[PDB]
Protein chains: 2
Amino acid sequence: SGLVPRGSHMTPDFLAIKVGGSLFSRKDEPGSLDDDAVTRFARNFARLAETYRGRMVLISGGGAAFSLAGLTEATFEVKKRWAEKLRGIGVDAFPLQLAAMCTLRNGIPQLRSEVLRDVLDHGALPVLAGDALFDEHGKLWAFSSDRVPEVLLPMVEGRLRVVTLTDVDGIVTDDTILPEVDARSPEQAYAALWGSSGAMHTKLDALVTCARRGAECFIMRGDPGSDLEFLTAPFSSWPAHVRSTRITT
Amino acid sequence: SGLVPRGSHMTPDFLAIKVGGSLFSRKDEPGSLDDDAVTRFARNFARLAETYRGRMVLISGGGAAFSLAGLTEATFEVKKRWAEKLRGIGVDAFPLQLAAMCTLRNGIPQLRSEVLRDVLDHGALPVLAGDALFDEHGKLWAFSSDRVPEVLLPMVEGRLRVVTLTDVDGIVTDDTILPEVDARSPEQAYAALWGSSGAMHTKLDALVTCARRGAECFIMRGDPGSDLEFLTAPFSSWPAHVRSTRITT
Ligand SMILES: Nc1ncnc2c1ncn2[C@@H]1O[C@H](COP(=O)(O)OP(=O)(O)O)[C@@H](O)[C@H]1O
Ligand SMILES: Nc1ncnc2c1ncn2[C@@H]1O[C@H](COP(=O)(O)OP(=O)(O)O)[C@@H](O)[C@H]1O
Ligand SMILES: C[C@@H]1O[C@@H]1P(=O)(O)OP(=O)(O)O
Ligand SMILES: C[C@@H]1O[C@@H]1P(=O)(O)OP(=O)(O)O
Ligand SMILES: [Mg+2]
Ligand SMILES: [Mg+2]
């Protein structure tokens with residue numbers, strides 16, 4: 001509860017990188033991943049993981065009453081595919097079932113397993129994804145990958161950077177990207193989604209939630225072969241070609 | 001830490017049923033499950049789960065430095081196969097990754113996630129298996145399915161019955177099955193394995209560990225189509241045809 005120095009000149013202490021399903025699969029082609037995209041992304045994620053050893057999670061999107069239980073199995077497969085690929089290039093990537101670690105209480109995700117923190121402290125790379133989570137009444141709910149960074153908020157010390165890679169450069173207004181969103185008052189960003197129609201709304205809600213708890217959050221375009229080293233760097237030092245929507249408080 | 005009434009006349013409060021890989025797969029045929037065996041076993045397990053609603057786990061055997069991480073993925077698949085089958089017949093079966101819930105400390109498994117207890121309290125059937133677990137130094141270890149019942153010991157109240165279904169009727173001495181093993185002094189059972197050669201040794205170690213902490217443990221032959229209703233009943237009420245090795249204190 002100490003004073004945390006923050007700003008565009010500061011280096012993040014922790015990276016939560018989420019890779020959208022759009023970027024490595026097609027809905028028209030169920031349970032089929034684009035292996036080339038996974039391969040190329042994995043190379044870039046591997047470099048980040050070495051710098052942020054024990055200070056990063058990779059969150060995968062994608063993945064095919066109690067019937068929702070199949071979701072846990074579907075998203076486990078996606079985590080396996082990333083982790084296998086990453087281990088193949090020397091990263092200590094370990095998939096973790098969020099449903100075994102987290103439950104919902106009054107709608108808020110609750111981390112209920114100490115294992116995630118231990119895995120990080122051991123210097124491994126947790127590979128996470130969305131899931132089917134139980135609430136306090138025993139009902140299952142689909143918990144989007146986009147919301148996984150929320151589960152990190154009480155656990156991460158220091159400066160959390162959350163980056164959601166998607167198939168657009170940010171929040172589009174009209175015609176142009178919105179470069180900055182103030183999480184204390186983001187009504188303009190929500191108004192832009194209404195202009196352009198719920199995937200991005202879930203992203204915004206999640207990243208506003210994280211930004212209100214100090215995180216530096218980005219919506220930006222992913223590309224399998226793109227160098228991501230700049231995500232280790234202070235925002236003010238980013239290359240000029242990089243486009244994003246930045247959500248902060 | 002109260003007085004728990006125990007004995008062959010008493011009904012178990014909780015069932016941990018482990019199904020050996022031998023019973024629904026072949027090592028000569030990697031990652032291939034016998035679907036007919038899984039189907040038939042699932043029918044029998046479903047009946048037990050209805051009686052022991054919230055009071056049972058199913059533990060699957062089988063399943064194909066940091067390379068051990070692939071084990072978590074291999075045993076997740078096996079848990080998925082059981083859970084899918086069980087949900088298909090109306091059981092609320094939910095696979096849980098033990099590696100996300102449990103770590104090793106001084107060689108002892110430690111339950112580190114509250115989720116298992118919640119899932120049980122919600123009346124669902126956890127489907128478990130062996131796994132790759134981290135220790136306190138960040139090293140992965142293969143943790144046998146046969147040892148999963150140990151993780152339940154601090155969590156289960158009342159009378160725990162552990163049943164390990166395998167491809168033999170019990171511990172064979174010489175020629176005959178050993179019907180009773182006293183966990184306080186089981187040197188004779190260990191001597192029998194030396195006669196007949198480490199799968200059964202792991203079983204014995206695990207079940208002795210559980211029996212020393214009050215559990216009523218059995219090694220017995222599994223058969224996909226065999227009725228298992230007797231496993232809800234006091235030992236003294238079991239049908240006369242049933243053969244097993246019973247491990248108690
Ligand atoms: N104002 C907006 N700006 C950008 N994208 C938007 C907007 N409103 C809705 N979207 C949609 O959100 C999509 C990104 O979310 P989604 O399909 O869930 O991606 P992912 O697979 O990367 O999670 C974009 O492709 C876009 O169609
Ligand atoms: N004294 C013994 N009695 C019975 N089985 C024994 C004994 N010693 C070794 N075993 C072996 O243990 C095997 C059961 O263990 P295992 O192959 O690991 O089965 P599962 O797949 O059911 O875990 C038997 O098939 C048997 O070969
Ligand atoms: C809970 C479920 O996994 C889905 P998602 O909403 O996480 O995935 P997206 O990046 O659009 O595939
Ligand atoms: C940890 C790993 O799963 C293996 P097992 O030793 O649990 O399985 P068995 O019943 O002989 O297949
Ligand atoms: Mg989405
Ligand atoms: Mg075995």
# chains A, B, ... in the order shown; residues from 1 in each chain; ligands from 1
call {"tool": "select_by_dssp", "arguments": {"residues": "range 64-141 of chain B", "states": "strand (DSSP E)", "output": "PyMOL selection string"}}
result
chain B and resi 93-95+102-105+108-111+125-129+131-134+140-141
call {"tool": "write_last_selection", "arguments": {"atoms": "C-alpha atoms", "output": "CSV table (one decimal), in the first residue's frame"}}
result
chain,number,residue,atom,x,y,z
B,93,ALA,CA,-18.0,-34.2,-13.8
B,94,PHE,CA,-15.3,-31.4,-13.7
B,95,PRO,CA,-11.7,-32.1,-14.5
B,102,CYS,CA,-0.9,-28.8,-5.2
B,103,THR,CA,2.8,-28.4,-4.8
B,104,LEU,CA,5.4,-30.6,-3.0
B,105,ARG,CA,7.1,-29.4,0.3
B,108,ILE,CA,4.8,-34.1,1.0
B,109,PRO,CA,2.0,-33.0,-1.4
B,110,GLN,CA,0.3,-29.8,-0.1
B,111,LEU,CA,-3.2,-28.8,-1.3
B,125,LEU,CA,-17.6,-34.8,-9.2
B,126,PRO,CA,-13.9,-33.8,-9.4
B,127,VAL,CA,-12.1,-35.8,-11.9
B,128,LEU,CA,-8.4,-36.0,-10.9
B,129,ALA,CA,-5.2,-37.7,-12.1
B,131,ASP,CA,0.5,-34.8,-12.6
B,132,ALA,CA,3.8,-33.0,-12.8
B,133,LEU,CA,4.0,-31.0,-9.5
B,134,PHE,CA,6.5,-28.2,-8.5
B,140,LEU,CA,9.0,-30.6,-11.4
B,141,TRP,CA,8.3,-34.2,-10.2
call {"tool": "residues_around", "arguments": {"residues": "range 45-57 of chain B", "least_positions_apart": "5", "cutoff": "7 Å", "atoms": "only C-alpha atoms", "output": "list in words"}}
result
residues 13, 14, 15, 16, 17, 86, 91, 120, 121, 122, 123, 124, 125, 126, 127 and 229 of chain B
call {"tool": "write_last_selection", "arguments": {"atoms": "N, CA, C and O atoms", "output": "PDB file, in the first residue's frame"}}
result
ATOM      1  N   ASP B  13     -17.961 -42.102   4.565  1.00  0.00           N
ATOM      2  CA  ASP B  13     -18.413 -40.756   4.315  1.00  0.00           C
ATOM      3  C   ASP B  13     -17.928 -40.179   2.960  1.00  0.00           C
ATOM      4  O   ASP B  13     -18.423 -39.131   2.520  1.00  0.00           O
ATOM      5  N   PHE B  14     -16.854 -40.741   2.410  1.00  0.00           N
ATOM      6  CA  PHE B  14     -16.247 -40.216   1.220  1.00  0.00           C
ATOM      7  C   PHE B  14     -15.567 -41.369   0.506  1.00  0.00           C
ATOM      8  O   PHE B  14     -14.935 -42.253   1.114  1.00  0.00           O
ATOM      9  N   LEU B  15     -15.680 -41.332  -0.844  1.00  0.00           N
ATOM     10  CA  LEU B  15     -15.048 -42.324  -1.706  1.00  0.00           C
ATOM     11  C   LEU B  15     -14.056 -41.661  -2.630  1.00  0.00           C
ATOM     12  O   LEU B  15     -14.404 -40.757  -3.405  1.00  0.00           O
ATOM     13  N   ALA B  16     -12.823 -42.160  -2.613  1.00  0.00           N
ATOM     14  CA  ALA B  16     -11.817 -41.822  -3.587  1.00  0.00           C
ATOM     15  C   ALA B  16     -11.606 -43.087  -4.394  1.00  0.00           C
ATOM     16  O   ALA B  16     -11.027 -44.058  -3.887  1.00  0.00           O
ATOM     17  N   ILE B  17     -12.037 -43.057  -5.653  1.00  0.00           N
ATOM     18  CA  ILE B  17     -11.938 -44.228  -6.512  1.00  0.00           C
ATOM     19  C   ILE B  17     -10.913 -43.932  -7.599  1.00  0.00           C
ATOM     20  O   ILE B  17     -11.013 -42.924  -8.282  1.00  0.00           O
ATOM     21  N   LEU B  86     -18.635 -38.880 -18.547  1.00  0.00           N
ATOM     22  CA  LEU B  86     -19.543 -38.791 -17.405  1.00  0.00           C
ATOM     23  C   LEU B  86     -20.620 -37.714 -17.605  1.00  0.00           C
ATOM     24  O   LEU B  86     -21.782 -37.950 -17.284  1.00  0.00           O
ATOM     25  N   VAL B  91     -23.742 -36.835 -15.225  1.00  0.00           N
ATOM     26  CA  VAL B  91     -22.956 -36.563 -14.028  1.00  0.00           C
ATOM     27  C   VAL B  91     -22.282 -35.200 -14.130  1.00  0.00           C
ATOM     28  O   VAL B  91     -21.736 -34.863 -15.185  1.00  0.00           O
ATOM     29  N   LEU B 120     -16.581 -29.921  -4.548  1.00  0.00           N
ATOM     30  CA  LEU B 120     -17.265 -30.957  -3.816  1.00  0.00           C
ATOM     31  C   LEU B 120     -18.498 -30.402  -3.114  1.00  0.00           C
ATOM     32  O   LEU B 120     -19.580 -31.002  -3.125  1.00  0.00           O
ATOM     33  N   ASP B 121     -18.316 -29.270  -2.448  1.00  0.00           N
ATOM     34  CA  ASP B 121     -19.459 -28.695  -1.713  1.00  0.00           C
ATOM     35  C   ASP B 121     -20.561 -28.291  -2.654  1.00  0.00           C
ATOM     36  O   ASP B 121     -21.762 -28.307  -2.251  1.00  0.00           O
ATOM     37  N   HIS B 122     -20.230 -27.961  -3.901  1.00  0.00           N
ATOM     38  CA  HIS B 122     -21.259 -27.634  -4.883  1.00  0.00           C
ATOM     39  C   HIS B 122     -21.969 -28.912  -5.409  1.00  0.00           C
ATOM     40  O   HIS B 122     -22.937 -28.812  -6.187  1.00  0.00           O
ATOM     41  N   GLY B 123     -21.537 -30.089  -4.973  1.00  0.00           N
ATOM     42  CA  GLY B 123     -22.122 -31.353  -5.409  1.00  0.00           C
ATOM     43  C   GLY B 123     -21.631 -31.895  -6.735  1.00  0.00           C
ATOM     44  O   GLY B 123     -22.223 -32.839  -7.288  1.00  0.00           O
ATOM     45  N   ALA B 124     -20.528 -31.353  -7.234  1.00  0.00           N
ATOM     46  CA  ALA B 124     -19.942 -31.836  -8.459  1.00  0.00           C
ATOM     47  C   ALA B 124     -18.962 -32.979  -8.154  1.00  0.00           C
ATOM     48  O   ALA B 124     -18.634 -33.266  -7.025  1.00  0.00           O
ATOM     49  N   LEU B 125     -18.560 -33.687  -9.195  1.00  0.00           N
ATOM     50  CA  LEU B 125     -17.590 -34.782  -9.183  1.00  0.00           C
ATOM     51  C   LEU B 125     -16.248 -34.303  -9.728  1.00  0.00           C
ATOM     52  O   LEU B 125     -16.129 -34.178 -10.964  1.00  0.00           O
ATOM     53  N   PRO B 126     -15.284 -34.032  -8.875  1.00  0.00           N
ATOM     54  CA  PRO B 126     -13.932 -33.784  -9.394  1.00  0.00           C
ATOM     55  C   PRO B 126     -13.384 -34.978 -10.059  1.00  0.00           C
ATOM     56  O   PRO B 126     -13.456 -36.070  -9.541  1.00  0.00           O
ATOM     57  N   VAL B 127     -12.826 -34.784 -11.270  1.00  0.00           N
ATOM     58  CA  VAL B 127     -12.062 -35.797 -11.949  1.00  0.00           C
ATOM     59  C   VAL B 127     -10.576 -35.396 -11.911  1.00  0.00           C
ATOM     60  O   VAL B 127     -10.182 -34.309 -12.377  1.00  0.00           O
ATOM     61  N   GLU B 229     -21.752 -51.005  -6.722  1.00  0.00           N
ATOM     62  CA  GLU B 229     -22.594 -50.430  -5.668  1.00  0.00           C
ATOM     63  C   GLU B 229     -22.166 -50.815  -4.303  1.00  0.00           C
ATOM     64  O   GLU B 229     -22.339 -50.041  -3.340  1.00  0.00           O
TER      65      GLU B 229
END
call {"tool": "residues_near_ligand", "arguments": {"ligand": "ligand 1", "cutoff": "6 Å", "atoms": "only C-alpha atoms and all ligand atoms", "output": "JSON, numbers by chain"}}
result
{"A": [20, 21, 22, 166, 167, 168, 170, 171, 172, 173, 192, 193, 196, 197, 199, 200]}
call {"tool": "residues_near_ligand", "arguments": {"ligand": "ligand 5", "cutoff": "12 Å", "atoms": "only C-alpha atoms and all ligand atoms", "output": "PyMOL selection string"}}
result
chain A and resi 18-23+27+60-63+129-130+143-147+164-168+198-204+206+219
call {"tool": "write_last_selection", "arguments": {"atoms": "N, CA, C and O atoms", "output": "short mmCIF file (atom, residue, chain, number, x, y, z; two decimals), in the first residue's frame"}}
result
data_model
loop_
_atom_site.label_atom_id
_atom_site.label_comp_id
_atom_site.auth_asym_id
_atom_site.auth_seq_id
_atom_site.Cartn_x
_atom_site.Cartn_y
_atom_site.Cartn_z
N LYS A 18 -1.96 -10.71 -23.53
CA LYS A 18 -3.07 -11.53 -24.02
C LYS A 18 -3.09 -11.50 -25.56
O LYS A 18 -3.11 -10.46 -26.17
N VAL A 19 -3.16 -12.70 -26.12
CA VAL A 19 -3.18 -12.89 -27.57
C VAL A 19 -4.58 -13.34 -28.01
O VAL A 19 -5.07 -14.39 -27.65
N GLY A 20 -5.23 -12.51 -28.82
CA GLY A 20 -6.55 -12.76 -29.26
C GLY A 20 -6.67 -13.99 -30.13
O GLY A 20 -5.83 -14.20 -31.03
N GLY A 21 -7.76 -14.72 -29.96
CA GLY A 21 -8.02 -15.89 -30.81
C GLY A 21 -8.01 -15.57 -32.30
O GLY A 21 -7.61 -16.43 -33.08
N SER A 22 -8.53 -14.39 -32.68
CA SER A 22 -8.57 -13.90 -34.08
C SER A 22 -7.20 -14.01 -34.77
O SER A 22 -7.15 -14.06 -36.03
N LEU A 23 -6.14 -13.95 -33.96
CA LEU A 23 -4.80 -13.80 -34.48
C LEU A 23 -4.18 -15.15 -34.80
O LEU A 23 -3.16 -15.18 -35.52
N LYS A 27 -12.89 -18.88 -36.72
CA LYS A 27 -14.19 -19.41 -36.23
C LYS A 27 -14.88 -20.31 -37.29
O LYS A 27 -15.47 -21.36 -36.94
N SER A 60 -3.98 -16.74 -23.44
CA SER A 60 -4.51 -17.06 -24.77
C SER A 60 -6.00 -16.88 -24.86
O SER A 60 -6.78 -17.38 -24.08
N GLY A 61 -6.46 -16.23 -25.91
CA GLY A 61 -7.83 -16.30 -26.26
C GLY A 61 -8.13 -17.62 -26.96
O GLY A 61 -7.31 -18.54 -26.99
N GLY A 62 -9.30 -17.72 -27.54
CA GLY A 62 -9.60 -18.81 -28.54
C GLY A 62 -10.03 -19.97 -27.69
O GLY A 62 -10.23 -19.84 -26.46
N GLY A 63 -10.20 -21.11 -28.33
CA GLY A 63 -10.79 -22.28 -27.62
C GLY A 63 -12.32 -22.53 -27.81
O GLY A 63 -13.19 -21.91 -27.08
N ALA A 129 -5.66 -18.70 -19.83
CA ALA A 129 -6.70 -18.50 -20.78
C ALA A 129 -8.00 -18.26 -20.01
O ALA A 129 -8.07 -18.40 -18.83
N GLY A 130 -9.04 -17.91 -20.76
CA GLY A 130 -10.38 -17.88 -20.19
C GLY A 130 -10.84 -19.25 -19.75
O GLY A 130 -10.09 -20.25 -19.94
N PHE A 143 -15.87 -17.12 -18.37
CA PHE A 143 -15.02 -16.01 -17.95
C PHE A 143 -14.04 -15.78 -19.07
O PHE A 143 -13.19 -16.58 -19.35
N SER A 144 -14.22 -14.68 -19.77
CA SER A 144 -13.40 -14.37 -20.93
C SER A 144 -11.93 -14.27 -20.67
O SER A 144 -11.48 -13.74 -19.63
N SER A 145 -11.11 -14.74 -21.64
CA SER A 145 -9.68 -14.45 -21.60
C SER A 145 -9.28 -12.99 -21.34
O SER A 145 -8.32 -12.73 -20.64
N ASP A 146 -10.09 -12.10 -21.92
CA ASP A 146 -9.89 -10.65 -21.77
C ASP A 146 -9.97 -10.19 -20.32
O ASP A 146 -9.32 -9.17 -19.97
N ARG A 147 -10.64 -10.97 -19.44
CA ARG A 147 -10.79 -10.62 -18.05
C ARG A 147 -9.72 -11.23 -17.15
O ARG A 147 -9.60 -10.89 -15.98
N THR A 164 -3.32 -6.23 -24.63
CA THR A 164 -4.27 -7.10 -25.32
C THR A 164 -4.06 -6.94 -26.82
O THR A 164 -4.28 -5.87 -27.39
N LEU A 165 -3.53 -7.96 -27.46
CA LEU A 165 -3.24 -7.98 -28.89
C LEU A 165 -4.49 -8.47 -29.58
O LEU A 165 -5.05 -9.59 -29.31
N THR A 166 -4.96 -7.66 -30.51
CA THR A 166 -6.15 -7.98 -31.26
C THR A 166 -5.98 -7.73 -32.78
O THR A 166 -4.87 -7.55 -33.26
N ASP A 167 -7.08 -7.73 -33.50
CA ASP A 167 -7.00 -7.58 -34.96
C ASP A 167 -7.35 -6.17 -35.44
O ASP A 167 -7.62 -5.96 -36.65
N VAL A 168 -7.28 -5.22 -34.54
CA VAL A 168 -7.50 -3.80 -34.82
C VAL A 168 -6.39 -3.05 -34.03
O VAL A 168 -5.78 -3.60 -33.11
N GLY A 198 -19.83 -8.51 -28.73
CA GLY A 198 -19.35 -7.62 -27.60
C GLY A 198 -17.88 -7.77 -27.12
O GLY A 198 -17.56 -7.37 -26.00
N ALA A 199 -17.03 -8.33 -28.00
CA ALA A 199 -15.63 -8.57 -27.75
C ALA A 199 -14.87 -7.33 -27.29
O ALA A 199 -14.25 -7.35 -26.26
N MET A 200 -14.95 -6.22 -28.03
CA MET A 200 -14.19 -5.04 -27.62
C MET A 200 -14.77 -4.44 -26.31
O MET A 200 -14.05 -3.87 -25.53
N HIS A 201 -16.08 -4.53 -26.12
CA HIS A 201 -16.68 -4.05 -24.83
C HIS A 201 -16.13 -4.81 -23.60
O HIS A 201 -15.81 -4.22 -22.56
N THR A 202 -15.97 -6.12 -23.75
CA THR A 202 -15.35 -6.94 -22.70
C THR A 202 -13.92 -6.48 -22.46
O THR A 202 -13.48 -6.39 -21.31
N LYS A 203 -13.17 -6.22 -23.54
CA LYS A 203 -11.81 -5.72 -23.39
C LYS A 203 -11.76 -4.42 -22.64
O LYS A 203 -10.97 -4.22 -21.74
N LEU A 204 -12.58 -3.48 -23.06
CA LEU A 204 -12.59 -2.22 -22.41
C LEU A 204 -12.96 -2.36 -20.92
O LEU A 204 -12.35 -1.68 -20.09
N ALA A 206 -12.54 -4.78 -18.91
CA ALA A 206 -11.48 -5.44 -18.17
C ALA A 206 -10.31 -4.49 -17.93
O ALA A 206 -9.75 -4.41 -16.85
N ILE A 219 -4.67 -1.70 -25.80
CA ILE A 219 -5.30 -2.45 -26.86
C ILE A 219 -4.54 -2.12 -28.15
O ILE A 219 -4.39 -0.91 -28.51
#
call {"tool": "closest_residue", "arguments": {"among": "A:38, A:142, A:58, A:181", "to": "residue 70 in chain A", "atoms": "only C-alpha atoms"}}
result
A:142
call {"tool": "interface_residues", "arguments": {"of": "chain B", "to": "chain A", "cutoff": "7 Å", "atoms": "only C-alpha atoms", "output": "number ranges by chain"}}
result
B: 66, 69, 73, 80, 92, 94, 96-97, 100-101, 112-115, 122, 138
call {"tool": "atom_distance", "arguments": {"atom1": "CA of residue 82 in chain A", "atom2": "CA of residue 232 in chain A"}}
result
20.7 Å
call {"tool": "atom_distance", "arguments": {"atom1": "CA of residue 215 in chain B", "atom2": "CA of residue 107 in chain B"}}
result
20.5 Å
call {"tool": "closest_residue", "arguments": {"among": "B:182, B:212, B:36, B:161", "to": "residue 233 in chain B", "atoms": "only C-alpha atoms"}}
result
B:161
call {"tool": "select_by_dssp", "arguments": {"residues": "range 10-184 of chain A", "states": "helix (DSSP H, G or I)", "output": "PyMOL selection string"}}
result
chain A and resi 21-23+35-51+66-88+98-100+115-121+145-152
call {"tool": "closest_residue", "arguments": {"among": "B:184, B:26, B:117, B:9", "to": "ligand 2", "atoms": "only C-alpha atoms and all ligand atoms"}}
result
B:26
call {"tool": "atom_distance", "arguments": {"atom1": "CA of residue 228 in chain B", "atom2": "CA of residue 42 in chain B"}}
result
11.0 Å
call {"tool": "closest_residue", "arguments": {"among": "A:240, A:37, A:183, A:160", "to": "residue 205 in chain A", "atoms": "only C-alpha atoms"}}
result
A:183
call {"tool": "residues_around", "arguments": {"residues": "residue 39 in chain B", "least_positions_apart": "4", "cutoff": "7 Å", "atoms": "only C-alpha atoms", "output": "list in words"}}
result
residues 35, 43 and 85 of chain B
call {"tool": "closest_residue", "arguments": {"among": "B:186, B:222, B:158, B:239", "to": "ligand 2", "atoms": "only C-alpha atoms and all ligand atoms"}}
result
B:222
